[PDB]
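Novice: After the structure tokens below, expect a handful of questions from me.
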Protein chains: 4
Amino acid sequence: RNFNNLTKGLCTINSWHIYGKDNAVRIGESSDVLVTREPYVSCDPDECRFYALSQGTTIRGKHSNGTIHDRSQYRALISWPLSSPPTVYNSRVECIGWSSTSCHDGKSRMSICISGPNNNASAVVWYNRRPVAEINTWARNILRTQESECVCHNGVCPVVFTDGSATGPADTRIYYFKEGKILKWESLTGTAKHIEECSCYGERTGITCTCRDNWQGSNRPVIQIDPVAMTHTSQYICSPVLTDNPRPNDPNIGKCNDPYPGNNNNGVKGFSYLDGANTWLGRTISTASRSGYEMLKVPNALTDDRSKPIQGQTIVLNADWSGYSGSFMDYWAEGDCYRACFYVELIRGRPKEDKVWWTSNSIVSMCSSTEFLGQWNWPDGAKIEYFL
Amino acid sequence: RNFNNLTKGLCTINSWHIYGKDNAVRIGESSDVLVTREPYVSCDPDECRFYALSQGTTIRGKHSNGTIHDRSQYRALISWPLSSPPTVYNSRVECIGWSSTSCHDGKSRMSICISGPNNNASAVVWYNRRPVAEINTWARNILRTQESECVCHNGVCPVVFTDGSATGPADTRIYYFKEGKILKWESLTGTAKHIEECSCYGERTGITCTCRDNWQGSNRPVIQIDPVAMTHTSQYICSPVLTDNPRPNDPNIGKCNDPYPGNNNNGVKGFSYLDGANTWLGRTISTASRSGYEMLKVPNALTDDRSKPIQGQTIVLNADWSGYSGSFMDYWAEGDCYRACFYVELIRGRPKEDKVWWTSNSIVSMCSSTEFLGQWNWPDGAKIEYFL
Amino acid sequence: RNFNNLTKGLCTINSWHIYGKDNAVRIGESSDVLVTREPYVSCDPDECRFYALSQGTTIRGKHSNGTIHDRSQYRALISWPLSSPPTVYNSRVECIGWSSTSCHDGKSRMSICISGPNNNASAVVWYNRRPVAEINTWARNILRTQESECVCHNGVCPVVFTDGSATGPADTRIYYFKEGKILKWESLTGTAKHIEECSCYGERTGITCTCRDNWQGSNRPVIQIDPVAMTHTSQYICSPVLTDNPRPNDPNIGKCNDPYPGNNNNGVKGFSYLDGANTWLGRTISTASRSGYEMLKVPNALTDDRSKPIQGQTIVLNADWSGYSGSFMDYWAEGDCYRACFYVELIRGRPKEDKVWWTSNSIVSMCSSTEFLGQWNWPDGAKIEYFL
Amino acid sequence: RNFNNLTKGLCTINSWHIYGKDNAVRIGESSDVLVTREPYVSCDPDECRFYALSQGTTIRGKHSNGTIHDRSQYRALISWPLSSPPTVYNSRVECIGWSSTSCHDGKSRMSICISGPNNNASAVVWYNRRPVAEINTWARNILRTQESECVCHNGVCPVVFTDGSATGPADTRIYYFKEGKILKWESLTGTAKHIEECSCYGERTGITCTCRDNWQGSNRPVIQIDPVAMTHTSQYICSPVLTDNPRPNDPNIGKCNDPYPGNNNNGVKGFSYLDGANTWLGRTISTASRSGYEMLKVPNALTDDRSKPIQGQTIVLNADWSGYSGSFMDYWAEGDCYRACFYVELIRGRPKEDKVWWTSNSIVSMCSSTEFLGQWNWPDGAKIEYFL
Ligand SMILES: *[C@@H]1O[C@H](CO)[C@@H](O[C@@H]2O[C@H](CO)[C@@H](O[C@@H]3O[C@H](CO[C@H]4O[C@H](CO[C@H]5O[C@H](CO)[C@@H](O)[C@H](O)[C@@H]5O)[C@@H](O)[C@H](O[C@H]5O[C@H](CO)[C@@H](O)[C@H](O)[C@@H]5O)[C@@H]4O)[C@@H](O)[C@H](O[C@H]4O[C@H](CO)[C@@H](O)[C@H](O)[C@@H]4O[C@H]4O[C@H](CO)[C@@H](O)[C@H](O)[C@@H]4O[C@H]4O[C@H](CO)[C@@H](O)[C@H](O)[C@@H]4O)[C@@H]3O)[C@H](O)[C@H]2NC(C)=O)[C@H](O)[C@H]1NC(C)=O
Ligand SMILES: *[C@@H]1O[C@H](CO)[C@@H](O[C@@H]2O[C@H](CO)[C@@H](O[C@@H]3O[C@H](CO[C@H]4O[C@H](CO[C@H]5O[C@H](CO)[C@@H](O)[C@H](O)[C@@H]5O)[C@@H](O)[C@H](O[C@H]5O[C@H](CO)[C@@H](O)[C@H](O)[C@@H]5O)[C@@H]4O)[C@@H](O)[C@H](O[C@H]4O[C@H](CO)[C@@H](O)[C@H](O)[C@@H]4O[C@H]4O[C@H](CO)[C@@H](O)[C@H](O)[C@@H]4O[C@H]4O[C@H](CO)[C@@H](O)[C@H](O)[C@@H]4O)[C@@H]3O)[C@H](O)[C@H]2NC(C)=O)[C@H](O)[C@H]1NC(C)=O
Ligand SMILES: *[C@@H]1O[C@H](CO)[C@@H](O[C@@H]2O[C@H](CO)[C@@H](O[C@@H]3O[C@H](CO[C@H]4O[C@H](CO[C@H]5O[C@H](CO)[C@@H](O)[C@H](O)[C@@H]5O)[C@@H](O)[C@H](O[C@H]5O[C@H](CO)[C@@H](O)[C@H](O)[C@@H]5O)[C@@H]4O)[C@@H](O)[C@H](O[C@H]4O[C@H](CO)[C@@H](O)[C@H](O)[C@@H]4O[C@H]4O[C@H](CO)[C@@H](O)[C@H](O)[C@@H]4O[C@H]4O[C@H](CO)[C@@H](O)[C@H](O)[C@@H]4O)[C@@H]3O)[C@H](O)[C@H]2NC(C)=O)[C@H](O)[C@H]1NC(C)=O
Ligand SMILES: *[C@@H]1O[C@H](CO)[C@@H](O[C@@H]2O[C@H](CO)[C@@H](O[C@@H]3O[C@H](CO[C@H]4O[C@H](CO[C@H]5O[C@H](CO)[C@@H](O)[C@H](O)[C@@H]5O)[C@@H](O)[C@H](O[C@H]5O[C@H](CO)[C@@H](O)[C@H](O)[C@@H]5O)[C@@H]4O)[C@@H](O)[C@H](O[C@H]4O[C@H](CO)[C@@H](O)[C@H](O)[C@@H]4O[C@H]4O[C@H](CO)[C@@H](O)[C@H](O)[C@@H]4O[C@H]4O[C@H](CO)[C@@H](O)[C@H](O)[C@@H]4O)[C@@H]3O)[C@H](O)[C@H]2NC(C)=O)[C@H](O)[C@H]1NC(C)=O
Ligand SMILES: CO[C@@H]([C@@H]1OC(C(=O)O)=C[C@H](NC(=N)N)[C@H]1NC(C)=O)[C@H](O)CO
Ligand SMILES: CO[C@@H]([C@@H]1OC(C(=O)O)=C[C@H](NC(=N)N)[C@H]1NC(C)=O)[C@H](O)CO
Ligand SMILES: CO[C@@H]([C@@H]1OC(C(=O)O)=C[C@H](NC(=N)N)[C@H]1NC(C)=O)[C@H](O)CO
Ligand SMILES: [Ca+2]
Ligand SMILES: [Ca+2]
Ligand SMILES: [Ca+2]
Ligand SMILES: [Ca+2]
């Protein structure tokens, strides 16, 4: 009935507890589970759901062959009940395309899907399950967006888009929507030099997005958005605890206003919670590939170029495949604070496991606890040999 | 709570954006997807859904053999959630039969299904999911109707029916229903010489239907209906941009009041939006077969027998199979105007692909944008070889 | 909110129109469709649904072997959406057992299921999805009930039960329930000599049940129930148009107060609408087996021992298998009268088709029209060879 | 809207009637049924549902291999509609983990799931489908809980947990939750010497839990909880009718305040209804293995160390496999009393049936009747050979 306002701070994060896990690849070995990738989680006022980009085929289906490909006409943003797998029979299509974001403003949900060829892509903005606005490519080079939830304040939902090179300067815009309509957009400002796939969360201070620099940087760029003034700034996480993948080894001095060098033209979507002494960063354990996942408590990581971990938690062992990760919170939960949450995409199949011809994933998700909880590890759990 | 009134004009159509796509044949290669044909889309005040005539078997099921056939006892009008495929487990049966139409009046939905042998068919009119009225065949020769949504104004929902020859003069009637009851019917008047499978939409001016002349014409007949007076007129689209299939090549002078000659005893269901300078016509790209699909902006196509395109958009490449197409709009969307939408049936299997023994389809659907959006193309996407 | 009252007469029946059909055996050849038998249809104030006794296995499942058997621990009353098939994923279990009835009183639904061994069976009465009352066997010989819907008036829902011999005198009781509680029961009175599987409907005059005499009669017994006084009478349909199966050929004089002789120890569940000159009887076409189905207009069939047909309609050809049939009506439909409806069970498999090891069925259902509609025929439609 | 209060006594139990049965293993031979174990039943004010711990694979899926294992990362508490089987498409995930309980307080449902390695497990407490509180292991040895429903009074829901040895003294705590928050916890007091897997029910006197002593006892420990004062006591069922499995033969004197000896380091979850002369105990028929199930009326079993049966009912024949059993009631049913109910887990597969590589179960459930109903027996019904 009313637009949600960001009126709370983050809860104190002392550990992470299991929130959701769908075991989609295990189950999909023998049931009609859709091939997906680029998953996320997003809450409505009365329900939280899993989201992902379908590939328009099941895993056991013959059309799973070739699903390493990123952008076909057979992709769509789907949602399904928390911790169920994405099945043909339980998945709700939000919009058609191969790059997405979605968020609820307290009244209704906005979902955005981009489709088209590389040089002529377009975004369609849906609100309350109807198409409301459209945005054409401005740089004619793979218009693309967050691949995780956006965040709203008093009806205003900012979204970060990029159009242009994946290996050099590109044209990033921040759009501000209300009820699906474009209030305003602005070109990226600040010191971030390349922006992709922002993972965002909101709290009383404003909206914070942790993104992927695909060009030169292995530190992560950050965009901080004021959804009331509809303005933003950008920089990088200052910490020498580097969180992109692949990436160099951790130095003792990070970079606040420029890419930390060593790995070019690659990256992975990731996230962080930047909150002074309550700061936690996510990253793959491997510096070379999308394997393992850990959380590290790094005080003042955003602003302190010498900051190091003082606590951590393993989420996925280095022996197990990970992938994309992103932030979300249940803005409609009871209490005095917003509980930080995240998901990790657990990619199976190609390119790392090429005895099968498909690429898909499952999801694991955690939220923060004020307790100091014991840790487990959370693999996808499927045996590739079963699919041969 | 209240009957919908047609109080708005069409939004300005400057391009078309992706609205829905179910990838039904791809998914049905390995899941329980019903064989269908003659699909459409129709909105309720709170949801839009896909519709089609099931064949009462799945694609992988052995009973898919022989589904090129049009009129069996195993067919039914089904509906299912937007962009999901029509599965055994998610499809809702609206009524039983092999020719249909359906529309919501703002309070409840009317669905009409025709069944029976060729010489003794009958229509059953359902309203709010209950049978309310029945109409017996009047010419004893395949009583048949729109195969896409009807349109309502202040509770009155006109529907076009034909009974009689597919290859000569037939008996077409326009029925006017309210809450499923027959208010009135009238015989076709005007200059259209053969009428089948009308695709309709409504706006403040009245209801406009673009139909199929199966006898002599390769231009499309148009019926214009006043749902208040409950009267109609008919003619053909005057434009030399011919939109039936198969069809002759485009001349420079069309025909307003008679069939444009060249192809007899054949046709395909199609649609148009006739709105002065905002006029757009749909057609297959091929003049010979149901392949490809394009939209063409043809100013005053209804009334100008010299009118030619000034803009266009490819929807499906000529290399890919298409099929039926029809109009629908979300009459319950926010805003100052009604956004034109359409679907294209993408037929797979027989007769064109006879290495399989079945005939089915998937759906792609677009709505108009006031932006000039880049275009993609939207194939069914299934590989026939996988079904062998 | 309020209990339904039977305040209307039957609509004039001039023909029958298609209402529902699930094609369950066709679809179940390749999808997870439950094996069933003894189906029926019953309406809530907001929805009508199919009902049947599951066998606790799918058709393609190996446990379908042996499903000719009537009474296992794996049976349950299930319901599912109108004209969908009964699938593992869409079927709602109403109660556990191998003989059932169910009806909505305007506020909530009562469902009754009998389970147990032959000598120790018991009925459990559910109301608003909770068990409320239980009834133990009184004759210790296969306690059994209607296998189609009951009917309610002002909260009172009468149900006919039989316990005792299938081949001689048995102990039949009429129970009167309200909100699942037993108000009263009475022993059968009148001239009916054996009662099984009553098919009932209600109108302003009271409740009329047409049953099966399994002992000596090939005419059908009738029980007429006053749900206000909670009393009943019984006799047989007087008409020489005999409607049990198997049965002798039609004579010119029927029997009002005794079994018409010729076939012993057998029968089939059936139904009729007894309404003076608006009387219609259902029967199998074959006199020997459960094949074919037809409706016959037989004026005053209940009371006139010379009555013959003056009109009819074929529903299922004699070449096709039929089975059980029963009555139901949508008591919550709009209008001045109740529209008579019925279903026919289309049995496939054993004993008639013994190349498969299972027994199941599909459903076809019709309702009456005041029009004189053309007739089709409605086979199950499955090819047995596909299951081999 | 209001918290449920325990204001009624138990209905008089004179026999047991069939309540639910899902036939999950039969159906799962050919449909997408999840492998489960540790099932139970629990009611909301408007619905009752089946619950269990999924293994994150279907039975026919290759990942069913190894599902005898108790604690993997692929387990979750799921719920699904009463008497349906737990399918991929109909199961709702309540939380992630390998030990659970769940209960509705009249306003919303609390669900608790424990996950983690043996030495670092943690409980997450969910309320109204959101995580609210977390509890870390206190003895670092397989933190574990009830595996059946908890019970609430005026918002307070007590839950019994154990952490520590399965073969010697352990650390049992009773937690008191309200809206998912921890009001209080206390260490176990009284004479019970080992506590696992409590089965609880509530009535006006308070909450009664019947548990499993896995250390030395083959009588069952009982915890009696006052949810208002938030205090408890414990002892054993005094009766010589012993109800653990495996167990010694029944003596003539039981033990009230110590384990009855004979079988060490083993047990099974079970239940009882302790209500003076209305007392009924459940147990496996076999003293050696989890086979058969019976109910026995044993007056004053809780307090009388000489008490013997005066009536009984067989639920599952000794020839058929059983397993876990537990209590639940529909606290929201109409009437003057609470109707006692229970479920029995019917385990199939390993270790007893090792020709298959999986372990799963189906469910049968009964509630009490004031009638003296005839008894049947209720096997799982699946043929193991079909899975080979
Ligand atoms: C039951 O569950 C519980 C809860 O989960 C388990 O307890 C958890 O155990 C884990 C594993 O040990 C802990 O995670 C690690 O945390 C440490 C940080 O804590 C340590 O350091 C703190 C800071 O110390 C500094 O300040 C203090 C101030 O006093 C000073 O004294 C000290 O000398 C130093 O100056 C200490 O405060 C802290 O002590 C506290 O906690 C102790 C328990 O942990 C306790 O005993 C003490 O009493 C006190 O209370 C503690 O010493 C993280 O550093 C560590 O993360 C590093 O290591 C992991 C591998 O294990 C690696 O994956 C990480 O990426 C990271 O190391 C990489 O990055 C570093 C930063 O750049 C770099 O320096 C490293 O060389 C390394 O870099 C290399 O690898 C990376 C990744 O591949 C690559 O990118 C680089 O390029 C390079 O190749 C862990 O996160 C939890 O904190 C702990 N939780 C709790 C609540 O205790 C418990 O074990 C379980 N029980 C059982 C029986 O299993
Ligand atoms: C990114 O995406 C964007 C957006 O989608 C892409 O841009 C789109 O590009 C497509 C493809 O080119 C365009 O579709 C075509 O549109 C033309 C109409 O526009 C042209 O003509 C207009 C009218 O010109 C007349 O009036 C002007 C007045 O000034 C006069 O000067 C002129 O000489 C003439 O008298 C022009 O106004 C218009 O110019 C404007 O737009 C230009 C860009 O398009 C721009 O550069 C200009 O500055 C200006 O703004 C333009 O010249 C349609 O005619 C055409 O449709 C025909 O051709 C296709 C094949 O491509 C065919 O399938 C169609 O059926 C049709 O041709 C058949 O029918 C004709 C009519 O009877 C007949 O004459 C033809 O011979 C042909 O008939 C044959 O085939 C059919 C079918 O099989 C058969 O039935 C017949 O029997 C026979 O065999 C296209 O629809 C879009 O309009 C355009 N959109 C936008 C917004 O720009 C962009 O390309 C993408 N970018 C990249 C890098 O990929
Ligand atoms: C398009 O669809 C429409 C609508 O469906 C189709 O029209 C329908 O056509 C069917 C098939 O013909 C009709 O069903 C039959 O109806 C007759 C009853 O109607 C006839 O008899 C009436 C009574 O006549 C008596 O009174 C009059 C008073 O004037 C008197 O004059 C007359 O001599 C006699 O005394 C007539 O009133 C009626 O005429 C009216 O209707 C005519 C059209 O039908 C029309 O032309 C007239 O102008 C007038 O308006 C008409 O003559 C039923 O008798 C018949 O049912 C019997 O036959 C079928 C086989 O076809 C059988 O299965 C039935 O069981 C039954 O016969 C068995 O039972 C009898 C009773 O005991 C017994 O006597 C028989 O020997 C037989 O018994 C044997 O078989 C059974 C079963 O196996 C076994 O149990 C026994 O033991 C024994 O072995 C049909 O139901 C529809 O009524 C008709 N509908 C309409 C609205 O017209 C149309 O055909 C379709 N169009 C096309 C092109 O396909
Ligand atoms: C249709 O359905 C109906 C309803 O279901 C069926 O009727 C049911 O039939 C069953 C099966 O017979 C009954 O269950 C049994 O109940 C008896 C208890 O009732 C008997 O005993 C009562 C107490 O007697 C004492 O007090 C009286 C006071 O007057 C005194 O006179 C008497 O001498 C004695 O001192 C009697 O009151 C009662 O009589 C009443 O009911 C009669 C009908 O049952 C009726 O005829 C009378 O007129 C009167 O009304 C009756 O005699 C339970 O004892 C029994 O349970 C034991 O046996 C089963 C095996 O059958 C076993 O599984 C149980 O575990 C248990 O036996 C074990 O435990 C004992 C206790 O420690 C031990 O002593 C045993 O040696 C044995 O222990 C061994 O095995 C266990 C398990 O493996 C192992 O753990 C041990 O270590 C050891 O190895 C049954 O539960 C129902 O009560 C009855 N229901 C009704 C309402 O009638 C009907 O049959 C069906 N019809 C048809 C045709 O099929
Ligand atoms: C082209 O690669 C971009 C995205 O790369 C990732 C990945 O796994 O690394 C998959 C995304 N796939 C989808 N969202 N479908 C790509 N993003 C797109 C739009 O292809 C990358 O960020 C460089 O610009
Ligand atoms: C035993 O046969 C009775 C019922 O027979 C019919 C049938 O196909 O003829 C199936 C029913 N099957 C089920 N309802 N499950 C039986 N009725 C029962 C209770 O077995 C018959 O009416 C004689 O008493
Ligand atoms: C370790 O065994 C415990 C539980 O044992 C049972 C069983 O079938 O006997 C399965 C449970 N499995 C699950 N709940 N998943 C176990 N409980 C646990 C936590 O493993 C036992 O009570 C001893 O402590
Ligand atoms: Ca990078
Ligand atoms: Ca034509
Ligand atoms: Ca008989
Ligand atoms: Ca024990």
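We name chains A, B, ... following the order of the structure tokens; residues begin at 1 in each chain, and ligands are numbered from 1 as shown.
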Tell me as number ranges by chain which residues belonging to chain C come within 10 Å of chain B, counting only C-alpha atoms.

Specialist: C: 17-33, 46-48, 81-91, 330, 332-335, 339, 367-383, 385-387

Novice: Do you know which residues are within 8 Å of ligand 5 using only C-alpha atoms and all ligand atoms? Can you write them as a tab-separated table (two decimals) with N, CA and C atoms, in the first residue's frame?

Specialist:
```
chain	number	residue	atom	x	y	z
A	37	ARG	N	21.42	-19.36	-15.69
A	37	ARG	CA	22.64	-18.79	-15.14
A	37	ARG	C	22.29	-17.38	-14.69
A	38	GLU	N	23.26	-16.67	-14.11
A	38	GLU	CA	23.04	-15.33	-13.58
A	38	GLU	C	21.84	-15.23	-12.61
A	53	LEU	N	18.27	-16.09	-15.20
A	53	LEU	CA	18.01	-16.07	-16.63
A	53	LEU	C	17.91	-17.50	-17.15
A	69	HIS	N	26.51	-20.28	-24.03
A	69	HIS	CA	26.28	-19.02	-24.72
A	69	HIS	C	25.47	-18.04	-23.88
A	70	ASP	N	25.85	-16.77	-23.95
A	70	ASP	CA	25.25	-15.75	-23.08
A	70	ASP	C	23.93	-15.15	-23.53
A	71	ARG	N	23.75	-14.95	-24.83
A	71	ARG	CA	22.67	-14.09	-25.30
A	71	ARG	C	21.89	-14.66	-26.48
A	98	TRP	N	18.28	-11.28	-21.90
A	98	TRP	CA	19.52	-11.94	-21.48
A	98	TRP	C	20.37	-11.11	-20.50
A	99	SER	N	19.78	-10.06	-19.95
A	99	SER	CA	20.40	-9.28	-18.87
A	99	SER	C	19.25	-8.65	-18.10
A	100	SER	N	19.29	-8.72	-16.77
A	100	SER	CA	18.12	-8.30	-15.99
A	100	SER	C	18.43	-7.65	-14.64
A	142	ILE	N	26.19	-4.21	-26.74
A	142	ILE	CA	25.74	-5.06	-25.63
A	142	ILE	C	25.28	-4.27	-24.40
A	143	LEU	N	24.19	-3.53	-24.57
A	143	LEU	CA	23.52	-2.88	-23.45
A	143	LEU	C	23.28	-3.93	-22.38
A	144	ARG	N	23.66	-3.63	-21.14
A	144	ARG	CA	23.63	-4.64	-20.07
A	144	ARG	C	23.46	-4.02	-18.69
A	145	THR	N	22.96	-4.81	-17.75
A	145	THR	CA	22.64	-4.28	-16.43
A	145	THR	C	23.10	-5.20	-15.29
A	147	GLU	N	22.14	-7.88	-13.13
A	147	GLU	CA	22.03	-9.33	-12.86
A	147	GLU	C	21.82	-9.65	-11.38
A	165	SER	N	32.29	-0.95	-24.63
A	165	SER	CA	33.33	-1.98	-24.58
A	165	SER	C	33.41	-2.73	-23.25
A	166	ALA	N	33.75	-4.01	-23.33
A	166	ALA	CA	34.00	-4.82	-22.14
A	166	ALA	C	35.49	-4.79	-21.80
A	167	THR	N	36.28	-4.16	-22.66
A	167	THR	CA	37.74	-4.20	-22.55
A	167	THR	C	38.39	-2.81	-22.70
A	196	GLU	N	30.41	-2.87	-14.48
A	196	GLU	CA	29.46	-3.89	-14.92
A	196	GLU	C	28.79	-4.55	-13.73
A	197	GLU	N	27.58	-5.06	-13.95
A	197	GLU	CA	26.95	-6.02	-13.03
A	197	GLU	C	26.96	-5.60	-11.56
A	212	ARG	N	31.66	-4.70	-10.99
A	212	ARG	CA	32.74	-5.43	-11.63
A	212	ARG	C	33.44	-4.52	-12.64
A	214	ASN	N	35.60	-4.75	-15.65
A	214	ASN	CA	36.07	-5.82	-16.53
A	214	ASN	C	37.32	-5.45	-17.32
A	266	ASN	N	38.68	-9.31	-17.84
A	266	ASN	CA	37.96	-10.43	-17.22
A	266	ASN	C	37.40	-9.99	-15.90
A	267	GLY	N	36.65	-10.83	-15.22
A	267	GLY	CA	36.06	-10.43	-13.95
A	267	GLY	C	34.93	-11.37	-13.59
A	268	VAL	N	34.27	-11.10	-12.46
A	268	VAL	CA	33.08	-11.84	-12.07
A	268	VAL	C	32.18	-10.88	-11.29
A	269	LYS	N	30.87	-11.05	-11.38
A	269	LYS	CA	29.97	-10.25	-10.56
A	269	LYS	C	30.18	-10.63	-9.10
A	323	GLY	N	30.90	-18.96	-8.70
A	323	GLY	CA	30.41	-18.14	-9.81
A	323	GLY	C	29.99	-16.77	-9.33
A	324	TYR	N	28.93	-16.23	-9.94
A	324	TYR	CA	28.41	-14.92	-9.56
A	324	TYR	C	27.96	-14.88	-8.10
```

Novice: Using only C-alpha atoms and all ligand atoms for the distances, tell me which of C:15, C:67, C:210, C:218 is nearest to ligand 6.

Specialist: C:67

Novice: Give me, as a ChimeraX atom specification, the residues of range 47-258 of chain A that a backbone DSSP run labels strand (DSSP E or B).

Specialist: /A:47-58,76-81,87,92-96,99-104,109-115,122-127,130-136,144,153,156-164,170-178,181-187,196-203,206-212,221-226,231-236

Novice: Can you tell me which residues sit at most 9 Å away from ligand 1, counting only C-alpha atoms and all ligand atoms, written as an MDAnalysis selection string?

Specialist: (chainID A and resid 14:16 240:243 247:252 283:287 292:297 307:314 318 371:376) or (chainID D and resid 117 119:121 140)

Novice: Rounded to one decimal, what separation in Å do you get between CA of residue 337 in chain B and CA of residue 208 in chain B?

Specialist: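 CA of residue 208 in chain B lies 16.2 Å from CA of residue 337 in chain B.
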
Novice: For residue 42 in chain D, find every residue with an atom within 12 Å (counting only C-alpha atoms), except residues of its own chain fewer than 6 positions away, and show them as a ChimeraX atom specification.

Specialist: /D:48-52,78-82,101-105,109-111,147-151,199-201,326-332,341-343,365

Novice: Using the selection just defined, write its residues with C-alpha atoms as a CSV table (one decimal), in the first residue's frame.

Specialist:
```
chain,number,residue,atom,x,y,z
D,48,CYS,CA,-3.0,-29.3,7.4
D,49,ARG,CA,0.2,-30.4,5.6
D,50,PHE,CA,2.8,-33.2,5.4
D,51,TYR,CA,6.4,-32.3,6.3
D,52,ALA,CA,9.7,-34.1,5.9
D,78,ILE,CA,9.8,-29.3,3.0
D,79,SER,CA,6.0,-29.2,3.3
D,80,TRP,CA,3.4,-30.3,0.8
D,81,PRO,CA,-0.4,-30.7,0.7
D,82,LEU,CA,-2.0,-33.4,2.9
D,101,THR,CA,10.5,-28.9,13.9
D,102,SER,CA,7.7,-26.6,12.9
D,103,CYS,CA,4.4,-25.3,14.4
D,104,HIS,CA,1.8,-22.7,13.9
D,105,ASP,CA,0.9,-20.4,16.9
D,109,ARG,CA,4.2,-20.6,11.6
D,110,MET,CA,7.6,-21.1,13.2
D,111,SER,CA,10.0,-23.5,11.5
D,147,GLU,CA,11.6,-34.2,13.9
D,148,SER,CA,7.9,-33.6,14.4
D,149,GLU,CA,5.7,-30.6,15.2
D,150,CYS,CA,6.1,-28.3,18.2
D,151,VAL,CA,3.1,-26.9,20.1
D,199,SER,CA,7.0,-36.0,19.9
D,200,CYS,CA,4.7,-33.4,21.5
D,201,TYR,CA,1.0,-32.5,21.8
D,326,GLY,CA,5.0,-38.8,16.1
D,327,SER,CA,2.0,-36.8,17.3
D,328,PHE,CA,0.1,-33.8,16.0
D,329,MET,CA,-3.4,-32.4,16.3
D,330,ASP,CA,-5.6,-30.0,14.5
D,331,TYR,CA,-5.8,-27.3,17.2
D,332,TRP,CA,-8.2,-25.3,14.9
D,341,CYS,CA,-3.6,-37.8,15.7
D,342,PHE,CA,-0.3,-39.5,14.6
D,343,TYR,CA,1.7,-40.4,11.6
D,365,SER,CA,-1.6,-41.0,9.4
```
